[PDB]
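The structure under discussion appears below in the form of structure tokens.
Numbered from 1 within each chain, the chains take letters A, B, ... in sequence-line order. Values below: all heavy atoms of this structure, side chains included; hydrogens, waters and symmetry mates excluded.
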Protein chains: 4
Amino acid sequence: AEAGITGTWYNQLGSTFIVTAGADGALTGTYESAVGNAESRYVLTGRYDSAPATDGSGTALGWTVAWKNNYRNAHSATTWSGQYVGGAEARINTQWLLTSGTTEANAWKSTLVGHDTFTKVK
Amino acid sequence: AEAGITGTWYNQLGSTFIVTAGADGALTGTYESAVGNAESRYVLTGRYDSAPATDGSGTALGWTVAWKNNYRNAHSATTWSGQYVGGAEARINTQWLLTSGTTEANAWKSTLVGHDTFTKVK
Amino acid sequence: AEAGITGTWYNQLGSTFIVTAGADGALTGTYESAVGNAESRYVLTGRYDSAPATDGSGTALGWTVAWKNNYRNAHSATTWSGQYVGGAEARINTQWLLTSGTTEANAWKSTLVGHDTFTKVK
Amino acid sequence: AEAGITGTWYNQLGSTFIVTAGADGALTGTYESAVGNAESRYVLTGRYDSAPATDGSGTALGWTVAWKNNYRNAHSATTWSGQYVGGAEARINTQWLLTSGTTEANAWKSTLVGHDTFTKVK
Ligand SMILES: O=C(O)CCCC[C@@H]1SC[C@@H]2NC(=O)N[C@@H]21
Ligand SMILES: O=C(O)CCCC[C@@H]1SC[C@@H]2NC(=O)N[C@@H]21
Ligand SMILES: O=C(O)CCCC[C@@H]1SC[C@@H]2NC(=O)N[C@@H]21
Ligand SMILES: O=C(O)CCCC[C@@H]1SC[C@@H]2NC(=O)N[C@@H]21
């Protein structure tokens with residue numbers, strides 16, 4: 001739900017995700033990573049299912065962060081794909097792909113894959 | 001500069017990606033999939049490295065599509081992570097994650113992974 | 001180490017992994033899944049780094065299970081890629097790819113991606 | 001029957017995969033990578049569906065290579081998951097996970113993901 005997703009969330013690495021869920025299915029916010037070649041906040045944009053299934057199914061969503069801001073540029077971008085599970089202890093469970101810009105020769109090793117779990121703070 | 005990301009692209013499945021890259025790193029556009037539980041166009045939003053390295057590296061980028069529009073709702077979302085390589089034959093090489101909203105018991109098989117290659121040739 | 005990997009392990013879904021680490025870097029054993037189109041034990045074979053780095057780095061390994069045994073055939077195969085972290089509480093952290101045999105037309109949705117964490121039992 | 005998996009295959013990077021498929025589902029052979037921290041041949045072991053569906057589906061399979069041999073040790077392992085499609089131009093289409101042994105603090109970037117297509121044409 002927009003109100004359920006909107007808020008501040010943190011993942012197991014200590015990174016911060018601040019997001020606003022729009023009525024049209026849009027997600028905008030900022031992300032601050034606790035690891036990597038990153039410093040300060042980065043803009044994020046994404047989309048979510050604004051009319052999810054009325055059962056105990058999660059709400060599918062995804063967002064992207066290109067790691068360039070006014071202080072640093074890592075020449076990479078990460079996309080998180082997952083689902084929001086609301087409730088008393090709402091969590092957003094994701095898997096992500098982090099691609100670095102590389103020359104053609106090194107393209108085979110351009111993408112890392114991982115998973116992050118986010119917990120919402122009050 | 002010289003980032004011919006803006007335009008209409010097609011992937012190996014025949015899906016159509018129409019995007020506009022903003023000078024500050026935003027990607028906005030529509031996606032029409034030739035496969036899956038989809039019909040017509042869907043809104044996409046993403047981010048890209050607006051200041052890539054000056055060596056022969058590609059430009060990292062990523063975008064998301066929540067598969068809900070006025071015609072259908074598949075209760076899923078896809079994120080594409082990859083890089084743009086320009087020149088005579090430009091391409092956007094990506095790997096994607098498609099997550100469907102599931103119940104807790106089916107969460108283990110909620111995500112599909114694949115790769116798409118886009119060109120401006122139909 | 002072979003002795004550290006050898007044993008019975010269980011993951012968060014309740015599946016059982018029984019493996020033997022060979023001196024030559026081989027892994028053989030059986031796997032019993034708590035979910036999916038599976039019943040009883042399946043043969044698994046894999047490889048691991050038998051001469052890992054002497055620091056607090058994990059030992060890289062991987063294994064495969066084709067989901068066909070004498071009782072059932074799911075026409076799929078899963079490969080787990082990860083690292084073994086030994087100690088008092090040794091764990092094997094992995095990410096996996098599960099591919100189903102499909103017709104060419106449905107190949108785009110043939111592979112699921114996920115992650116499993118295994119705990120060793122005494 | 002009619003599974004021409006046994007043989008020498010090459011992927012788009014020029015790597016060589018030599019495998020023997022056993023009547024009961026085992027895959028054994030050697031791998032020589034054209035890229036990465038590798039030299040010469042490495043042992044691989046895997047599994048495949050020895051009784052695939054009788055519809056036009058591919059045969060699911062997977063294999064692992066731990067990158068240690070008498071010449072080098074990269075302290076990593078790769079697992080390829082995919083399916084074999086036979087006919088005039090047979091192919092093995094795969095997605096892979098390459099995990100490097102890391103320390104706990106770098107575990108988040110321990111795994112690379114990519115895709116390789118193998119053909120019997122050099
Ligand atoms: O190093 C880079 O290329 C940019 C920073 C990457 C940080 C990654 S994104 C996925 C994972 N989850 C996080 O919170 N941070 C790391
Ligand atoms: O079936 C669904 O859940 C929605 C449509 C999914 C279409 C996918 S997204 C990745 C791949 N690339 C495409 O162009 N289409 C498929
Ligand atoms: O349903 C199938 O196609 C065969 C069974 C798949 C079980 C999967 S493998 C990855 C995940 N981890 C497990 O322990 N079981 C599921
Ligand atoms: O660099 C390493 O850690 C060992 C060599 C990795 C080679 C990889 S495995 C996936 C991809 N496919 C290949 O044929 N080679 C690269």
Side-chain angles (χ1 to χ4, degrees), chain C residues 1-9 11 15-32 41-54 57-69 77-86 90-97 116 118 120, chain D residues 5-6 15-33 36-50 61-81 94 96-101:
Chain C
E2 59 79 15
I5 295 175
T6 294
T8 295
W9 306 73
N11 64 13
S15 298
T16 311
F17 168 45
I18 313 294
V19 65
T20 293
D24 54 355
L27 293 177
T28 54
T30 57
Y31 197 99
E32 183 158 18
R41 302 200 277 222
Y42 296 81
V43 167
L44 69 86
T45 182
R47 303 289 296 169
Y48 70 105
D49 178 5
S50 52
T54 55
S57 290
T59 301
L61 73 173
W63 70 86
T64 310
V65 169
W67 302 102
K68 180 190 178 301
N69 64 10
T78 298
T79 58
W80 283 261
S81 181
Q83 349 177 203
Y84 159 78
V85 180
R91 294 285 191 257
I92 286 173
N93 295 313
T94 67
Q95 287 189 266
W96 50 257
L97 295 177
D116 291 341
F118 294 85
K120 196 180 190 182
Chain D
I5 294 178
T6 295
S15 290
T16 303
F17 171 44
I18 303 180
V19 66
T20 295
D24 200 19
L27 290 181
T28 38
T30 55
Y31 201 97
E32 178 169 321
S33 184
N37 182 16
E39 71 180 282
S40 197
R41 290 160 285 111
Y42 296 80
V43 173
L44 73 91
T45 184
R47 305 289 301 170
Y48 73 103
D49 181 358
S50 48
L61 49 69
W63 69 91
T64 302
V65 170
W67 303 102
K68 174 187 173 296
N69 69 5
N70 292 343
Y71 299 99
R72 297 189 172 159
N73 190 353
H75 299 301
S76 61
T78 299
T79 52
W80 283 261
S81 176
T94 69
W96 49 262
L97 293 175
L98 168 49
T99 298
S100 297

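Side chain of C:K120 to main chain of C:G86: no donor-acceptor pair is present (N/O by atom type, distance under 3.5 Å, no hydrogens or angles). Side chain of D:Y42 to main chain of D:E39: a donor-acceptor pair is present (N/O by atom type, distance under 3.5 Å, no hydrogens or angles). Checking side-chain atoms of D:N69 against main-chain N and O of D:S40 turns up no donor-acceptor pair under 3.5 Å.
With sequence neighbours excluded, the residues that form a side chain to side chain donor-acceptor pair (under 3.5 Å) with D:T78 are D:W67. Legend: residues meeting side chain to side chain donor-acceptor pair (under 3.5 Å) with C:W63, ordered by chain and number and at least two apart, are absent.
Inter-residue side-chain proximity for C:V65 and C:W80 is flagged as met; some heavy-atom pair is nearer than 4.5 Å.
Here the NZ atom belonging to D:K68 is positioned 9.5 Å from the OH atom belonging to C:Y48, to the nearest 0.5 angstrom. Note that CD1 of C:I92 and CD1 of C:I5 are 6.0 Å apart. Values are rounded to the nearest 0.5 Å. C:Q95 CD to C:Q83 CD: the interatomic distance, rounded to the nearest 0.5 Å, is 10.0 Å. Distance check, rounded to the nearest 0.5 Å: CZ of D:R47 to OG1 of C:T45 gives 7.5 Å.
Between D:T99 and C:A60, the closest heavy-atom pair is O-CB, 3.7 Å. Heavy atoms only, all atoms of each residue included: C:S81 and D:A77 are closest at OG-O, 3.9 Å. Residues D:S33 and D:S15 approach most closely at CA-OG, 3.3 Å, considering heavy atoms.
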Cut-off 3.5 Å, no hydrogens considered: what does the side-chain donor-acceptor table look like for residues 18-32 of chain C, sequence neighbours left out?
from  : atom 1 : to    : atom 2 : distance (Å)
C:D24 : OD1    : C:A26 : N      : 3.1
C:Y31 : OH     : C:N11 : ND2    : 3.2

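Shown here is C:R41, whose CZ atom has no more than 12 heavy atoms of other residues, nucleotides or ligands within 6.0 Å.
For the ring pair (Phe, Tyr, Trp, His ring centres under 6.0 Å) with C:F118, the qualifying choice from C:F17, C:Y84, C:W9 is C:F17, the only one to do so.
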Assess the residue pair D:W96 and C:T79 against the criterion (side-chain contact (heavy atoms from CB on, under 4.5 Å)); give the C-alpha distance rounded to whole Å, side-chain angles, the decisive distance to 0.1 Å, and a yes or no. CA-CA 9 Å; D:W96 49 262; C:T79 58; over 6 Å; no

